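For reference, the chain that follows is the form deposited in one PDB entry, supplied as structure tokens.
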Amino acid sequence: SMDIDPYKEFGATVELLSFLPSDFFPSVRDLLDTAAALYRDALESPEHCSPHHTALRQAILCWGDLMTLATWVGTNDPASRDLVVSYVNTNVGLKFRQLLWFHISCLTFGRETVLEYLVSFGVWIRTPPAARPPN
């Protein structure tokens, strides 16, 4: 195979994004709604806009396909077609939660802010509750 990192050209890495815990990311539904509310305009645009836009467009579309597949599985066993769709939110979901979050956040607050923040938050959430400064 090849070894491409989605975050590489954006000055980050898969390792770095996994530094944030899995329960810090919004939902996929919420992230898609937010992208729409903040960016539908530019996302549906024919202008490139920015590399972030180009990526996010593909991320959204890709989540599209993944679901259409989990849909088409459950529309083709109540404990099996239900546990297939469960795997998606388990695994890929985290993947997209990260990736959507990264791109929306980078468009909304700046790439640099999103990286400063991500490290601070990982350090901070790993400090045990006992001694952790104010939320």
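Residues that one form lacks are left out of the comparison. We call the rigid core the largest set of C-alpha positions that still match within 1.5 Å between the two forms. Start at 1 and count along the sequence shown; that's the residue number.
From this point on, the text means the form deposited in another entry, which you will not see here.
Shown in the overlay between the shown form and the other one, fitted on the rigid core, is a CA shift at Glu44 smaller than 2 Å.
If you fit the rigid core between the shown form and the other one, you'll see the Cα of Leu16 move by less than 2 angstroms. Core-superposed comparison between the shown form and the other one: the C-alpha position of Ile125 differs by no less than 2 Å. 73 to 75, 77 to 83, 85 to 87, 125 to 132 are the runs of three or more consecutive shared residues whose C-alphas all shift by 2 Å or more between the shown form and the other one after the rigid core is superposed.
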